[PDB]
Every structure is written in C-alpha cells, then in structure tokens.
Ligand SMILES: COC(=O)c1ccc(-c2cc(C#N)cc([C@@]3(C(C)C)C(C#N)=C(N)Oc4n[nH]c(C)c43)c2)s1
Ligand SMILES: COC(=O)c1ccc(-c2cc(C#N)cc([C@@]3(C(C)C)C(C#N)=C(N)Oc4n[nH]c(C)c43)c2)s1
Ligand SMILES: Cc1ncc(COP(=O)(O)O)c(CNCC(=O)O)c1O
Ligand SMILES: Cc1ncc(COP(=O)(O)O)c(CNCC(=O)O)c1O
Ligand SMILES: [Cl-]
C-alpha cells in the first residue's frame with residue numbers, strides 16, 4: 001500500500017538539492033582531511049533492503065531468527081576487517097555494529113573503564129578528538145569528559161606529542177585508558193612508547209586510527225596493533241568506506257575483553273544494527289585488502305608530501321614543518337589572518353577546508369590555522385604535479401584574504417561583507433570549477 | 443583512482459547474500475511489530491552522495507562551509523517533522539541528527555538530567571525498551587541504568603500500566619524524568635495522567651512514540667504533544683522511514699531546552715551527522731503528511747483489530763485481550779509452549795515474529811509469549827480478510843509446536859531437532875511462501 005514513484009517524481013524539492021549537492025561536490029577542490037568519496041558499489045549497499053531487518057544481538061546469538069542472511073553478512077564483514085588489518089582472528093576481535101566513530105569511542109571507552117572511569121586523551125586544540133575526553137573549564141563538552149574523569153595532554157610548542165608530559169600525567173593522574181591516534185595530527189605516532197607508559201601505570205592502550213587507517217592497513221605507517229589493547233577506526237575517511245565504525249580488541253592481551261566490548265555496543269548503548277552500513281563496510285573492506293587500494297594510499301601520501309613541499313616553496317609555514325600522513329595544518333600567524341577568515345575565502349572559491357587550532361592558540365575561536373588533507377583529491381585522479389596548482393590556489397586565497405582584511409577589517413562580520421562580488425574570487429572560483437568539474441568522479 | 447565496477451561485478455560474494463536476503467523478505471510473512479519495508483525513493487537517499495559531507499554543527503552554524511545544500515536538506519527535514527507531528531515550530535523544536543532510537547533516548551535523557559540523574563521507565567518484561575533504564579539484579583544492562591539512576595515500573599497482572607504504582611514510585615523515588623511509550627505495549631497511553639504525576643514531582647514527561655509514531659501523527663491515538671516535554675521517535679518502524687531518530691522538545695513549557703538537547707546530540711555524543719539518513723527521513727516525512735498515508739495507518743489498525751479478533755476466535759489468549767494499535771502479544775500458557783520455541787517453529791515456515799514476556803513471566807529467557815504486529819504486511823497490501831489466514835497460520839504453528847514438544851521434549855535443541863524435514867512445516871512453508879511471494883514488494 002505504498003508509493004513507488006522514483007525520487008525525481010516523488011519529492012522534486014529534495015531531488016533538486018541533492019543534484020545541487022552533486023554539482024557542488026563535483027566542482028570543488030575538497031581538502032577536508034576527514035572526507036572522501038565512496039564508489040557506486042558502496043552506495044548500492046547503503047541503498048539495499050538489507051536495512052529492513054531488526055537483528056539485535058550477534059550472529060548465531062540473535063534475539064530473532066530470520067537473520068540467516070544477515071548473520072552471513074555480519075560475519076563476512078568481521079572476516080574482512082581483521083583480514084584487512086592483518087590481524088589473526090584468533091588474537092583479535094572486531095565489532096562491526098558501531099554507527100559512527102563517536103559512538104564506537106564512547107562504547108569502547110565504557111567497556112574498558114565504565115562510569116566515573118579515568119581516561120587520558122590529547123586535547124582538542126592539540127589535534128585530539130572530542131570523544132577523547134574533551135572539556136573546556138565552563139562545560140564538559142564531550143560526554144567523554146563527563147561520564148568519565150578525563151585529563152588532557154598537549155603537544156609541545158613545535159606541534160609534536162610530548163611523551164614526557166604524558167608520563168608526568170599518566171603516573172600522577174594514573175588513568176585506566178590512555179588514548180592515542182588523533183583528528184588533526186600531521187605526524188606518525190610512537191605507539192610503542194605509549195605501550196611503555198601504559199604498562200608502567202597498568203593502563204589500557206587505546207589507538208584511534210580513524211584518520212590514518214589505510215596507512216596502518218597498507219603497512220605504510222606504524223602499526224598500533226602490535227602494541228594496543230583497543231583500536232577504533234571510522235570507515236568513511238581515508239578508508240573510503242561508508243559512515244560507520246569498527247572496534248578492534250586484543251583477546252590475547254586481555255581475554256574476556258570480547259564480551260566486555262560486545263556488550264558495550266549492545267545492549268549497553270545501541271539497538272538494532274544498521275545492516276546496510278555493515279553490508280557497505282563489507283564492500284569497502286574487500287577493496288581495502290587489494291594491492292590496487294595500496295596504490296591509492298601511497299598516492300595520498302605522495303600528494304600530501306608534494307603539497308607540503310609546494311606550500312613551503314611559497315613561504316607558507318606548516319606545523320611540524322611537514323607531514324607524515326595525509327594531512328597538513330597550515331600556520332597562518334605570519335599573515336595575521338585567522339583560519340575562520342581563510343575558510344570563508346576558500347568556500348567562495350569552491351575550496352573545502354576547515355579552520356584548525358595550532359599550538360600557540362588559546363581559543364577554538366580565532367584559531368590561527370587551516371587543516372587540509374589529500375584523500376579526496378587523490379581519489380579524483382590528482383597526482384603530485386597537480387599539487388603545485390592547489391598550493392597556487394591556497395596561496396592566492398591567502399593573499400586575497402590579507403587584502404580583504406585590510407579593506408574591511410579584522411572583524412569577521414565586516415570581513416565577509418568584502419567577499420561576494422569580488423573580481424579575483426570570481427576569477428579563482430572559475431579556474432577551480434574548471435579544473436575540478438573535469439576530474440574523475442564516483 | 444577508484445573502481446566503478448557495479449555491485450554484481452565488484453563483490454559477487456556479497457551481492458548474492460543481498461539477493462538471497464531480498465528473496466527471503468519477499469517470501470516471508472513478517473509480523474515483527476517494529477519492522478517495515480521502505481520504498482525505492484527512501485533507498486535512493488540512503489544511497490545518495492550527500493553522505494560524503496562532514497557537517498558537524500547545526501544549519502547556519504557549521505564548523506565548515508560548503509554546507510549550503512546540506513543546510514537546506516537539514517532544514518527541510520525539521521520543517522516536515524514538525525509539520526507531520528502537527529506542532530508549531532514556534533512551540534516545538536526537533537533534532538534530526540540522532541543516528542537511531544537508542545542514541546536519541548540516551549542523548550535526550552542526558553540533556554534533561556545528566557550524569558547520575560534520576561529517571562523512571564517501564565520495565566523491559568512489562569513492555570519497556572532497554573533505553574528506558576533497564577537493569578537486572580546481576581548487571582546494569584543498559585547505559586541508561588548505569589549513567590543514570592533508574593527505577594522501573596511494572597504493569598499489573600492484567601498487562602496494563604498501573605498508574606497507582608507509578609505515583610507510589612514517583613513520589614518516593616522522586617525522579618527528574620518519567621518515560622512512557624513502549625516497545626511491546628498493545629494499548630493506548632493516558633499521557634495526561636503522566637503529565638499529572640510529573641507536575642506533582644516537578645519531573646519531565648518523556649514520551650517515546652517509536653512504535654506508534656504514525657498513529658499519533660495521523661490523530662488515530664492519544665497525542666503526547668499535548669502533555670510532554672520531550673518526544674522521541676525512531677523513523678523506521680510504523681513511520682516506514684530510514685533507520686534514524688527524531689528528538690522533539692517543547693520550547694514553551696521548557697525554554698532553553700533547545701540548546702540543551704541540541705548540544706546533547708552534538709557535541710556531547712555524536713560527531714558528523716549522517717546526511718543520507720537526514721535526506722531519507724525528509725523524503726518519508728513528506729509522505730507521512732499526505733492523506734494517503736493516513737489511509738495506510740488506518741489500514742494497519744484495521745488489520746491488527748482483525749488479527750486480534752481472528753486469533754481470539756481460535757481460542758488464543760492475547761495480553762489485554764486485544765489491541766489499540768498495531769501490535770498483539772500472544773500469551774502461550776494454555777498451550778504450555780514458550781515463545782522461543784514458537785519463534786523457531788515460525789522461522790521454519792517464513793513467519794517472522796519474536797518471543798516476548800508476559801506479566802506472569804520472571805525471566806527474559808523462556809518468556810511466555812510472542813509479539814506480532816501489522817505494519818509490514820499492511821505495507822504488502824494485506825487487508826482485513828487476509829488476517830484470518832495469518833491467524834490460521836499462527837494457530838497451525840502453535841499446534842505443530844505442541845506436537846514437537848511432546849515428541850522431542852521440553853528442551854530447546856531437542857525441540858529444534860524435530861524442526862527440519864518435518865512434513866507439515868514444509869507444507870505450511872510452501873503455503874506461506876506462495877501467498878507472500880505474490881504480494882506487492884517495494
Ligand atoms: C563547546 O563545544 C566546543 O567548544 C567545540 C566543538 C567543536 C570544536 C572545534 C573547533 C575547531 C576550531 N577552530 C576545530 C575543531 C576540529 C576540526 C577538525 C573541525 C578540531 C580542530 N582543530 C579537532 N582537533 O577535533 C575535532 N573534532 N571535531 C571537530 C569539528 C574538530 C573542533 S570547539
Ligand atoms: C543482558 O541483556 C539482557 O538481559 C537482554 C537484552 C535484550 C533482552 C530482551 C529479551 C526479550 C525476550 N524474550 C525481548 C526483548 C525485547 C523484544 C521486543 C525483542 C522486549 C521484550 N519483550 C522489549 N520489551 O524491549 C526490547 N528492546 N530490545 C529488545 C530486543 C526488546 C529484549 S534481555
Ligand atoms: C580521531 C577521530 N575519531 C572519530 C571521528 C569521527 O566520528 P564520527 O564518525 O562520529 O564523526 C573523527 C573525525 N572527526 C572530524 C574530522 O576529522 O573532521 C576523528 O578524527
Ligand atoms: C520504545 C523504543 N525505543 C527505541 C527502539 C529502538 O531503537 P533503535 O532504532 O536504536 O533500534 C525501540 C525498538 N526496539 C526494538 C523492537 O521493537 O523490535 C523501541 O521500542
Ligand atoms: Cl545509513
């Protein structure tokens with residue numbers, strides 16, 4: 001007793017905006033480090049009827065039957081995750097039901113520590129995620145700072161993790177979990193030294209590798225699996241999967257972590273799984289293991305190294321003066337402009353990037369940087385030669401921002417008033433749209 | 443640098459299970475009360491490229507830009523939600539980012555009370571959801587029982603909400619939230635009475651209409667908006683949308699609950715929203731408001747009324763001896779078989795249903811009932827006349843179960859041993875599949 005008209009006919013208002021979004025995405029130099037583009041195969045999963053199914057519990061331990069084919073899919077997804085991260089399904093378990101990275105972290109953290117639980121994570125301003133225990137003085141911003149007791153370590157003035165400060169913190173504060181793996185961190189991680197600090201204080205090692213998952217998979221970067229009790233990743237970023245999360249747990253290092261974590265996901269926090277998510281993670285995970293995806297990951301780093309290089313060739317300062325991964329955080333201080341200002345300037349020329357804090361920063365408001373990353377563009381067929389152009393565009397943006405601030409004022413309200421109608425921005429968007437509009441597009 | 447190979451050629455392994463799943467669904471009499479089937483237009487959103495975007499924040503207040511088209515998509519969703527639930531956007535707000543009902547409830551609960559806060563909800567065994575503060579003696583099973591201090595009210599032997607008990611409890615325990623709205627409850631709710639007890643104790647009124655959302659929209663059942671501070675609903679059940687949730691808040695009764703609820707969702711709990719969810723919800727919410735969907739909802743109840751009647755005509759006991767909504771809970775005591783067994787008997791014949799507790803029950807294992815509902819089959823186009831046949835199938839299932847329990851014993855695996863190859867179940871399956879396979883399938 002339903003309507004079966006396609007989306008164009010059924011809701012013309014919506015289909016318009018979705019085709020507009022398509023065009024915007026197609027005609028953008030997308031530098032959001034956390035973004036990517038899924039193929040049609042993954043979206044065919046997310047669009048699949050497999051999501052009609054309530055399948056609470058676990059495969060072979062459902063509450064309902066009729067989950068014959070769902071069980072197979074959940075199992076295939078777990079088979080492939082551990083396969084793809086080169087871990088033995090005898091030493092490592094994986095949960096494939098978490099709905100997103102933020103849910104997975106909260107869930108996994110709760111499993112290890114529980115309420116009033118003590119956790120250590122990197123501060124937001126230093127490159128840590130909200131779910132790593134973020135608070136301001138006035139408010140416990142993340143549940144992770146509220147349902148848990150959280151202390152936060154900073155990076156040094158040069159933007160690097162200070163393992164010394166972690167020790168000072170870990171030994172005195174004495175937490176049950178220490179979190180490593182970050183949201184805007186341009187360098188690789190010394191996990192082994194984290195393992196060294198965790199042992200010293202009997203803490204669990206939590207590695208959230210959401211930004212760098214593919215590197216870890218493709219053995220391009222350090223392996224946290226060698227040293228960590230839990231590892232969480234999102235699937236929608238560099239892994240180029242759907243929006244979802246995976247929780248990995250070392251059965252060997254702490255048996256009965258399986259039940260602990262499998263129950264945190266359900267019934268502690270979640271209800272029915274989203275099978276279309278699961279089905280899509282399955283789909284992307286097949287691709288992850290292939291040596292073709294390894295080419296793509298290498299390409300991401302090649303592009304990032306080249307981009308960093310090209311930005312430095314133009315007298316632009318980077319934090320840590322470079323990158324080990326897919327991401328660069330530009331320091332804007334020498335230019336006397338905010339990341340807030342530059343983000344707007346880039347939006348006007350169809351350049352997606354986000355503002356970001358740096359180490360000298362004191363507020364999440366008025367931050368002195370932007371964060372770019374290469375996974376999306378790499379996916380669109382861009383190579384190292386193309387990086388000079390993006391660098392060129394970012395430099396021009398920066399110059400135009402400096403000009404517009406001089407003409408309208410350091411006040412953001414004022415500044416944006418200078419943005420529309422501007423001759424050079426229209427010129428630059430145009431060049432951007434020209435080049436962007438014609439690259440490969442899943 | 444991607445593969446655009448379609449699903450059938452990219453991952454043959456997976457496509458097959460999805461094709462198998464598709465077939466099972468097409469050939470099943472689905473009586474899972476919480477299930478439904480989405481049209482191809484809602485699946486077209488879930489598959490849309492809009493999920494590429496990271497848009498942490500709220501519309502007009504993102505942390506990024508290039509959210510021009512997403513802000514519109516999110517805005518149209520909140521418009522249509524408040525429309526559909528017939529509430530004024532001046533009086534009520536809605537959050538459209540919760541990833542599923544359990545996240546929404548956890549989020550909304552937190553917003554109202556926060557850590558170590560006091561909540562009251564119906565017990566699981568009495569019809570309550572896990573997210574309404576469920577614990578057992580041995581463990582706090584839901585986070586809602588652990589990150590909150592929860593107390594649980596039971597229905598009377600008759601299977602109805604004992605409002606006396608709720609006051610006896612609310613006045614002594616004195617919680618800050620009371621939750622009503624249930625997972626397996628066959629009758630309508632007296633919300634006013636709930637409003638009356640909440641006022642006496644200065645508590646919030648939490649109404650979870652996930653199972654009955656459509657009724658309430660279409661004005662077939664009591665309206666919780668008249669009395670409630672928060673209203674949560676999932677969107678994939680009777681509403682027949684994608685898997686997602688809505689949180690509704692009364693601004694006039696509770697000013698500044700907006701920021702409280704909006705910040706609970708992000709950044710307290712979640713990260714990026716899932717814009718395909720949002721896009722799909724929008725799509726369905728348009729459909730919800732049409733006079734045509736009111737037809738479907740009326741049809742649901744018509745069917746459930748007919749099914750109940752038909753079941754009673756066959757000497758089958760229902761809890762509350764009937765239904766006000768889409769769901770029936772059969773009491774199985776006169777037959778001396780558990781729900782668990784009958785579920786198994788039914789899965790064998792492509793009848794999907796679920797074991798459910800009753801008032802006499804004292805364990806969530808070996809419960810004395812099955813919960814059935816009509817939303818899915820009504821979707822297939824079943825009418826009141828078709829309800830005798832389903833009643834007929836369930837009666838026969840119940841009979842065959844008593845036979846198998848007699849032959850192989852009261853123990854589960856033993857009971858299962860009789861299940862495969864049984865002459866009568868094969869005739870009944872065929873019979874099921876024949877009638878089901880030929881019904882309209884979105
Ligand atoms: C009370 O809530 C808050 O104060 C905040 C919530 C989100 C905040 C934030 C602000 C900026 C800035 N400027 C940047 C972020 C990042 C960005 C990647 C977008 C961030 C940084 N810098 C880091 N490190 O982590 C993040 N997690 N989520 C988001 C949006 C961010 C978050 S501040
Ligand atoms: C430690 O975890 C547990 O004990 C349980 C988890 C889920 C449990 C459960 C058991 C049964 C049975 N029999 C039924 C449920 C229902 C069913 C609708 C599936 C339920 C009932 N009865 C109610 N009312 O609420 C529910 N929320 N989620 C699920 C699966 C259920 C939950 S018990
Ligand atoms: C370390 C980390 N963990 C989790 C998440 C995100 O979880 P969700 O899937 O719930 O958003 C992010 C992305 N953070 C935002 C960014 O990089 O832009 C992250 O960087
Ligand atoms: C009252 C209530 N709230 C929330 C949920 C489910 O939340 P998720 O969308 O996160 O699964 C249910 C369904 N519960 C299971 C059922 O009826 O089968 C429910 O009955
Ligand atoms: Cl989804």
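Residue numbers (the working numbering), protein chains in the order written: chain E, 1 to 442; chain H, 443 to 884. Backbone N, C-alpha and C fix where the C-beta goes; we use that ideal spot for every residue, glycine too.
For ligand 5, residues qualifying as neighbours are E:46, E:274, E:276, E:277, H:488, H:716, H:718 and H:719, where qualification means a beta carbon closer than 6 Å to at least one of its heavy atoms (chain order).
Contact of residue 291 (chain E) with chain H is not assigned, every C-beta pair being separated by 8 Å or more.
Bounds of any alpha helix (DSSP H) do not take in residue 56 (chain E), whose DSSP letter is neither H nor E. Contact between residue 368 (chain E) and residue 358 (chain E) holds, since their C-beta atoms are separated by about 5 Å, short of 8 Å.
Per DSSP, the unbroken beta strand (DSSP E) holding residue 234 (chain E) starts and ends at 230-234.
With a threshold of 16 other beta carbon atoms within 10 Å, residue 352 (chain E) meets it and is buried. If you look at residue 516 (chain H), you'll find it in the alpha helix (DSSP H) that goes 510-526. In the structure shown, the three-state DSSP call for residue 151 (chain E) is strand. Going by DSSP, residue 216 (chain E) is part of the alpha helix (DSSP H) stretching over 213-217. Not a single CB atom of chain E sits nearer than 8 Å to the CB of residue 837 (chain H).
Separation of residue 511 (chain H) and residue 138 (chain E) (C-alpha to C-alpha, rounded to the nearest whole angstrom) is 33 Å.
In terms of Cα proximity to residue 255 (chain E), the closest of E:39, E:18, E:75 and E:112 is E:112. Selection E:360, E:114, E:224 and E:198 evaluated against residue 125 (chain E) yields E:360 as nearest (Cα-Cα). Looking from the CA of residue 455 (chain H), the closest CA among E:397, E:222, E:344 and E:80 belongs to E:80. For residue 97 (chain E), the Cβ stays outside the 7 Å cut-off from all heavy atoms of ligand 4. For residue 685 (chain H), the neighbours in chain E by C-beta distance under 7 Å run, in chain order, 51 and 274. In the assembly as shown, residue 6 (chain E) is an exposed residue. Its beta-carbon has fewer than 16 other beta-carbons within 10 Å. In the DSSP assignment, residue 564 (chain H) falls within the unbroken beta strand (DSSP E) covering 560-564. For residue 471 (chain H), the closest C-alpha among the options H:862, H:671, H:816 and H:656 is that of H:816. For residue 76 (chain E), the chain H residues whose Cβ falls inside 9 Å of its Cβ are 455, 456 and 459, in order along the chain. One thing to note: residue 748 (chain H) has its Cβ no nearer than 8 Å to the Cβ of residue 672 (chain H). Contact annotation: residue 421 (chain E) and residue 404 (chain E) have beta-carbon atoms that are not nearer than 8 Å. Within the segment 790-818 of chain H, the residues whose Cβ lies closer than 7 Å to some Cβ of chain E are 794 and 796, listed in chain order. Positions of the beta strand (DSSP E) runs, each at least 3 residues long and wholly inside the segment 766-792 of chain H, are given as 769-773 in order along the chain.
Distances from the CB of residue 203 (chain E) to the heavy atoms of ligand 4 are all 7 Å or more. A straight line joining the alpha-carbon of residue 700 (chain H) with that of residue 60 (chain E) spans about 42 Å. By alpha-carbon distance to residue 798 (chain H), the top candidate from E:199, E:252, E:123 and E:64 is E:64.
In the displayed model, residue 415 (chain E) falls within a helix according to three-state DSSP. If you look at residue 538 (chain H), you'll find it isn't in any alpha helix (DSSP H); DSSP assigns it neither H nor E. Nearest C-alpha to residue 776 (chain H) among H:576, H:759, H:453 and H:540: H:759. Taking the Cα positions, residue 301 (chain E) is about 8 Å away from residue 324 (chain E). Our two residues, residue 432 (chain E) and residue 43 (chain E), have alpha carbons roughly 27 Å apart in a direct line. The continuous beta strand (DSSP E) containing residue 687 (chain H) extends over residues 687-692. Under the Cβ distance rule, residue 826 (chain H) does not count among the residues neighbouring chain E, no pair being separated by less than 8 Å. Residue 269 (chain E) places its beta carbon less than 8 Å from that of residue 585 (chain H). Only 114 and 115 from the segment 111-122 of chain E bring a Cβ to less than 8 Å from some Cβ of chain H.
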